[PDB]
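Undergrad: Mind looking over this structure? Questions follow.
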Amino acid sequence: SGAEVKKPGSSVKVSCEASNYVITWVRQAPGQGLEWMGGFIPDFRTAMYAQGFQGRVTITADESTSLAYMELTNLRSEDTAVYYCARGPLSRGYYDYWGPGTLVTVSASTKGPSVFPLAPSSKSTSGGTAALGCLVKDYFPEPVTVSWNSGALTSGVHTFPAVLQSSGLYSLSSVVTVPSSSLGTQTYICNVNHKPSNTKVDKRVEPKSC
Amino acid sequence: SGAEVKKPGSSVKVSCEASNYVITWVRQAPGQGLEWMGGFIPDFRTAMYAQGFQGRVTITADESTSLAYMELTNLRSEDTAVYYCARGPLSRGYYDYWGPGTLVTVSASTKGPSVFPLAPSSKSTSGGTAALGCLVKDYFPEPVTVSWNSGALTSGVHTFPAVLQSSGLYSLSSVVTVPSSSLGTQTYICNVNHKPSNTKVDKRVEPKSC
Amino acid sequence: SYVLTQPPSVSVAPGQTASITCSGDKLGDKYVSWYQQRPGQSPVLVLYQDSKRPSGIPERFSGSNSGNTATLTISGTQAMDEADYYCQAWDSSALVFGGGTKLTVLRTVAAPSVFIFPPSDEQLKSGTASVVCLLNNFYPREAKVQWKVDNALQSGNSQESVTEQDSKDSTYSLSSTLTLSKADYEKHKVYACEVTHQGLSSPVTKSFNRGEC
Amino acid sequence: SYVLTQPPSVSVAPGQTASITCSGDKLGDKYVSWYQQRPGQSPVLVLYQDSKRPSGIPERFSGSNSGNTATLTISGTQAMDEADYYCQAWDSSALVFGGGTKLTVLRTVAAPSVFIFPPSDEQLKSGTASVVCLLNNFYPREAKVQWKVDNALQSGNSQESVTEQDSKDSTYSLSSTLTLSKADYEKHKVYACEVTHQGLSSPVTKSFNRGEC
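These protein sequence lines map, in sequence, to chains A, B, C and D.
Following the working numbering, the numbering of the first sequence begins with 345 at its first residue and continues without gaps.
Following the working numbering, the numbering of the second sequence begins with 345 at its first residue and continues without gaps.
Following the working numbering, the numbering of the third sequence begins with 146 at its first residue and continues without gaps.
Following the working numbering, the numbering of the fourth sequence begins with 146 at its first residue and continues without gaps.
Now the structure itself:
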């Protein structure tokens, strides 16, 4: 929680802890009052939807994790607000618990990255060490996160601090050093995430073909 | 925990969480190694004592709160150390859990306060408001804490920040305003605590006799 | 498909009763609940079913609903009650909230109440005298305390301490302590502290004569 | 009524094996345990019964006890292993601890390994070329990277980023990125990054020729 930035047309998902109670999602524009978005009744597994949101409010649950979720889709600037989960007892019309707020700001400047391979050199030291990576370019705002092989590859990984380019967009690289001898048999995939743009990209990095 | 200052000749009590395990108290002088002080076996309610401490190590337990306590008495400068609780399984000779350390510094400059009444005026406004208090004088170091009537009296209480006197000792007052009409029937007692000197004083504050 | 309206603003001084109204067509037909919200915090339920108080909500909060108007009443309003308040109604269909009321608890001038305390007989036995002047529950912070002994202005033998703004009434209190030897204390008669503060039309003196009732 | 002695100090470089000994008369008769302690923190058990590792202690920690000497061995020592280590013995009577060993993991000069990456064909399709020079696992921090294109020194078209000291080996890494239009990139042949660092006897150049294997 705290604060998330989102791109227009993206979506934000607000989770809540899920007998005889209702979960409700409520938002509050900055300096404004409270507006109901919908709710979920865990004992009956039914949802309620506010008409003002068209069909943009998706309500789902997970019995196993006892979490329920409200996703607001097709975000616009006017959806900028603090989003809350609340709970109260069924058919009483009050909410005795309110979760922590998340500020969601919908900003047109938001841009998802392009991901390019930093391919291992074909002149790498035989039985020595090779370097490879992913270049994550032209995103806004921070942050992006990068893992390798879902996070299974951590040894020798360096993910650099982002730099602000003259364009006003961020760039960064993540690299890893591996055995040269591994290049012909081992797979290396960078997992890039930029939550503001709902960007989730896997890029396989291979020696450049000749 | 964190850090306590103590006067020479005072005592420090170190508590620990209390099947088939031993509790042990261990200390560490600044820049030095670890020294065993004693222990307690909750299942047999027996204590163990290190000979180096003479009879200065008192080991007690409370079945109800499942706490055990080591009190080191007759403190001297050389008892300045970090004091730990540790736990391990019986008859194995190792400690797999160590609690957070408390730094205890035994300092000769430590001095307990004198407590004097700030007696309510005999010219207080009839059916108006009277003030009374306790003056807590000439202690070192900070802090002292003050309550009234065990903490049952909070309304109208003001306990002032300590001031460093030219003597290098601290002073403060705690006052309370009460109905004048109450002075002849209600009791007002200030509870003063200065942990460094193990000082615990109750002072009853009454209108001065004439 | 109906709207609730609350005044945007209510202001009171500490100890005064704050009244916050919630209005909408035929509101008394339904059940109203009240939420308190502090800056950057989540709302907290203070009343439900018109007037029931949740566990841990102080008794100074109470409420009522009739006709087109529901009311949140705070008796003995405290500084800590400064917050936004929202009413919420339930007609069984849609959850609707009022627009909110900002409750401001105003802290304006308050002259100190002044008290002077001679040293205790107990302390005097030890060879030192502390004379204490208390300035209680004043606002604003700026205050001057001067000591006089047999009308002679004192300098260098007093120290002051001040409290933080009180959580209930946002006032300050201040103690000034004059320290003398027992010998000096016994050499003089009249002990006075003179207080200057914005709330007083002229400086106020509290005094006593050593060895009096 | 007997004493354990450990060396006060052991130093190693990252990746080296650290050996910490605990000595006392007939120590192999008994069971020895080892504790790691960081500044201002409580000790943590790393080994017991000579050589058993608690759950969550990395496998690079191992130990042995025989004769008058017990040994804590750290294979592939990491920067994070810098700490005080205490041995503790048990003879059934009294709990006794060694005096402690400070393990220092020394970070000294390391020349960078340098790698250069041409822009990907994918990026080139978009009209921009990023050329990346990586300086990996070097120490100390100070490093100069200069770009040359067909031997012409570049200025104003590169940016650098640096990592924090690595938790395993306390080195830095640095990337320098040269940005050109596709048009400019295609106008030149040789792309070079020249690196100057305290660990190198002279500046090292890594280069490639555009459109080569």
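Beta carbons: idealized from backbone N, C-alpha and C, even for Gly.
#1: List, in chain order, every chain B residue whose beta-carbon is nearer than 8 Å to that of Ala239 (chain D).
#2: If I'm right that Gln233 (chain D) touches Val177 (chain D) with Cβ under 8 Å, what's the distance once you round it to whole angstroms?
#3: Would you tell me roughly how many angstroms separate the C-alpha atoms of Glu415 (chain A) and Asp226 (chain C), rounded to the nearest one?
#4: Is there a C-beta anywhere in chain A that falls below 7 Å from the one on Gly208 (chain C)?
#5: Should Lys350 (chain A) be labelled buried (16 or more other beta-carbon atoms within 10 Å of its own) or exposed?
#6: Which residue comes first and which comes last in the alpha helix (DSSP H) that contains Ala405 (chain A)?
#7: Could you confirm whether any beta carbon from chain B is found closer than 7 Å to the beta carbon of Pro188 (chain D)?
#8: For the candidate residues B:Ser458, B:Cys534, B:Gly437 and B:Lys357, whose alpha-carbon lies nearest to that of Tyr193 (chain D)?
#9: Show which residues of chain D have a CB atom less than 9 Å away from the CB atom of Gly445 (chain B).
#10: Could you pull the start and end residues of the beta strand (DSSP E) that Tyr483 (chain B) belongs to?
#11: Quick one: using the 10 Å Cβ neighbour count with 16 as the cut-off for buried, is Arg420 (chain B) buried or exposed?
#12: Classify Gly301 (chain C) as buried or exposed, calling it buried when 16 or more other Cβ atoms lie within 10 Å of its own Cβ.
#13: According to DSSP, simplified to helix, strand and coil, what is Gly377 (chain B)?
#14: Does any CB atom of chain D fall closer than 7 Å to the CB of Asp546 (chain B)?
#15: Can you find the residues in the same chain that come closer than 7 Å, C-beta to C-beta, to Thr402 (chain A), ignoring five residues on each side of it along the sequence?
#16: Short check: CB of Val522 (chain B) to CB of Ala474 (chain B), under 7 Å?
#17: Using only alpha-carbon positions, find the residue among A:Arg400, A:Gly383, A:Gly377 and A:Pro487 that is nearest to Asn542 (chain A).
#18: Would you say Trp442 (chain B) faces chain D, with C-beta separation under 7 Å as the test?
#19: From this set, B:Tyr428, B:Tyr413, B:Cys554 and B:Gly500, which residue's C-alpha is nearest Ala391 (chain B)'s C-alpha?
#20: Can you check the region 195-260 of chain D for any alpha helix (DSSP H) of at least 4 residues that lies completely inside it and give the ranges in chain order?
#21: Return the CA-CA distance between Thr424 (chain B) and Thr273 (chain C), expressed in angstroms with no decimal places.
#22: Which value, in whole angstroms, describes the spacing of the CA atoms of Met381 (chain A) and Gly185 (chain D)?
#23: Indicate whether at least one CB of chain A lies closer than 7 Å to the CB of residue 396 (chain D).
#24: Quick one: give me the first and last residue of the alpha helix (DSSP H) that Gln268 (chain D) is part of.
#25: Give me the Cα-Cα distance between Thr503 (chain B) and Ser494 (chain B), rounded to the nearest whole angstrom.
#26: Decide yes or no for the touch test of the region 436-450 of chain A against the region 458-471 of chain A: beta carbon pairs closer than 8 Å, at least 3 of them.
#27: Within a Cβ cutoff of 8 Å, which residues of the same chain sit near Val155 (chain D), ignoring the five residues on either side of it in sequence?
#28: Does the region 343-354 of chain C come into contact with the region 250-263 of chain C, if we say contact requires no fewer than three beta-carbon pairs (one atom in each stretch) closer than 8 Å?
#29: Taking C-beta pairs closer than 7 Å, name the residues in chain D that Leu462 (chain A) reaches, listed in chain order.
#30: Find the nearest neighbour of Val254 (chain C) within the set C:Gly201, C:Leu345, C:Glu357 and C:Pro152, judged by alpha-carbon distance.
#31: In terms of residue numbering, what span does the alpha helix (DSSP H) encompassing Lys327 (chain C) cover?
#32: I need the DSSP call for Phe397 (chain B), collapsed to helix, strand or coil.
#33: What does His502 (chain A) touch in chain D if you count any residue whose Cβ is under 7 Å from its own?
#34: Is the CB of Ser146 (chain D) under 7 Å away from at least one CB in chain A?
#35: Can you check whether the CB of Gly221 (chain C) is closer than 7 Å to the CB of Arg198 (chain C)?
#36: Evaluate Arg286 (chain D) with the Cβ neighbour count: other Cβ atoms within 10 Å of its Cβ, from every protein chain shown; 16 or more gives buried, anything less gives exposed.
TA: Reading from the atomic positions:
#1: Locating residue 239 (chain D) in the fourth sequence gives position 94, counting from the first residue. Neighbourhood of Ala239 (chain D) in chain B, by CB distance below 8 Å: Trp380 and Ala394, in chain order.
#2: Looking up residue 233 (chain D) in the fourth sequence gives position 88. Looking up residue 177 (chain D) in the fourth sequence gives position 32. The Cβ separation is near 7 Å, so the contact holds.
#3: In the first sequence, residue 415 (chain A) corresponds to position 71, counting from 1. In the third sequence, residue 226 (chain C) corresponds to position 81, counting from 1. Rounded to the nearest angstrom, the gap between the Cα atoms of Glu415 (chain A) and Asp226 (chain C) is 35 Å.
#4: Taking the first residue of the third sequence as position 1, residue 208 (chain C) is located at position 63. Interface annotation, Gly208 (chain C): not in contact with chain A, CB-CB separation never under 7 Å.
#5: Position 6 of the first sequence, counted from the start, is the residue given in the question as residue 350 (chain A). By the 10 Å Cβ count, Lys350 (chain A) comes out buried.
#6: Taking the first sequence and counting its residues from 1, the one referred to as residue 405 (chain A) is at position 61. Element bounds for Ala405 (chain A): not the alpha helix (DSSP H) but the beta strand (DSSP E), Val401 to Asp406.
#7: In the fourth sequence, counting from the first residue as 1, residue 188 (chain D) sits at position 43. For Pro188 (chain D), the answer is yes, since a Cβ of chain B falls inside 7 Å of its Cβ.
#8: The count along the fourth sequence starts at 1 and reaches residue 193 (chain D) at position 48. Ranking B:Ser458, B:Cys534, B:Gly437 and B:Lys357 by Cα distance to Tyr193 (chain D) puts B:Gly437 first.
#9: In the second sequence, the residue the question calls residue 445 (chain B) occupies position 101. By Cβ distance, chain D contributes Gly185, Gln186 and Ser187.
#10: Against the second sequence, residue 483 (chain B) aligns to sequence position 139. First-last of the beta strand (DSSP E) with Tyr483 (chain B): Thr473 to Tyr483.
#11: The count along the second sequence starts at 1 and reaches residue 420 (chain B) at position 76. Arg420 (chain B) comes out exposed.
#12: Start at 1 with the first residue of the third sequence, and residue 301 (chain C) comes out as number 156. Burial check for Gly301 (chain C): the Cβ neighbour count within 10 Å stays below 16, so the residue is exposed.
#13: Here residue 377 (chain B) refers to the residue found at position 33 when the second sequence is read from its first residue. Note: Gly377 (chain B) maps to coil in three-state DSSP.
#14: The residue you call residue 546 (chain B) lines up with position 202 of the second sequence. So no, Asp546 (chain B) is outside the interface.
#15: Numbered from 1 along the first sequence, position 58 holds the residue referred to as residue 402 (chain A). Answer for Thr402 (chain A): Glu415 and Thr417, listed in chain order.
#16: Looking up residue 522 (chain B) in the second sequence gives position 178. Looking up residue 474 (chain B) in the second sequence gives position 130. Remark: C-beta atoms of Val522 (chain B) and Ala474 (chain B) approach each other more closely than 7 Å.
#17: Within the first sequence, residue 542 (chain A) is the residue found at index 198, counting from 1. Relative to the Cα of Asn542 (chain A), the nearest Cα in the group A:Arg400, A:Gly383, A:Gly377 and A:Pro487 belongs to A:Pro487.
#18: Walking along the second sequence from the start, residue 442 (chain B) turns up at place 98. It does; some Cβ of chain D falls within 7 Å.
#19: Translated into the one-based positions of the second sequence, residue 391 (chain B) becomes position 47. Comparing Cα positions, the closest option is B:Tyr413.
#20: The region 195-260 of chain D contains no whole alpha helix (DSSP H) run of 4 or more residues.
#21: Working through the second sequence from its first residue, we reach residue 424 (chain B) at position 80. Working through the third sequence from its first residue, we reach residue 273 (chain C) at position 128. Our two residues, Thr424 (chain B) and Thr273 (chain C), have alpha carbons roughly 34 Å apart in a direct line.
#22: Residue 381 (chain A) sits at position 37 when you count from the first residue of the first sequence. Residue 185 (chain D) sits at position 40 when you count from the first residue of the fourth sequence. Those two C-alpha atoms are separated by around 49 Å.
#23: A query on residue 396 (chain D) cannot be resolved here, the shown segment of chain D reaching from 146 to 358 and no further.
#24: Along the fourth sequence, one-based indexing puts residue 268 (chain D) at 123. Note, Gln268 (chain D): alpha helix (DSSP H), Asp266 to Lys270.
#25: For the purposes of this step, residue 503 (chain B) is taken as residue 159 along the second sequence, with counting starting at 1. For the purposes of this step, residue 494 (chain B) is taken as residue 150 along the second sequence, with counting starting at 1. Taking the straight line joining both Cα atoms gives about 15 Å.
#26: Using a C-beta cut-off of 8 Å, the region 436-450 of chain A makes no contact with the region 458-471 of chain A, since fewer than three inter-stretch Cβ pairs fall below that distance.
#27: Translated into the one-based positions of the fourth sequence, residue 155 (chain D) becomes position 10. Taken in chain order, the residues that qualify are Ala163, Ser164, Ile165, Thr246, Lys247, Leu248 and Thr249.
#28: Contact between the region 343-354 of chain C and the region 250-263 of chain C is present, because at least three Cβ pairs lie under 8 Å.
#29: Along the first sequence, one-based indexing puts residue 462 (chain A) at 118. The contact set of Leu462 (chain A) on chain D, defined by CB atoms closer than 7 Å, consists of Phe262 and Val277 in chain order.
#30: Here the question's residue 254 (chain C) lines up with position 109 in the third sequence. When only C-alpha atoms are compared, the closest one is C:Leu345.
#31: Counting from one through the third sequence, the residue named residue 327 (chain C) turns up at place 182. Its alpha helix (DSSP H) spans residues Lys327 to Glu331.
#32: Counted from its first residue, the second sequence places residue 397 (chain B) at position 53. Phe397 (chain B): helix per DSSP, three-state reduction.
#33: Counted from its first residue, the first sequence places residue 502 (chain A) at position 158. What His502 (chain A) touches in chain D: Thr308 and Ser318.
#34: Residue 146 (chain D) sits at position 1 when you count from the first residue of the fourth sequence. Cβ-Cβ to chain A under 7 Å: no for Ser146 (chain D).
#35: Position 53 of the third sequence, counted from the first residue, corresponds to residue 198 (chain C). Position 76 of the third sequence, counted from the first residue, corresponds to residue 221 (chain C). Not a contact, by the Cβ cut-off of 7 Å.
#36: Mapped onto the fourth sequence, residue 286 (chain D) falls at position 141. Label assigned to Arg286 (chain D): exposed.
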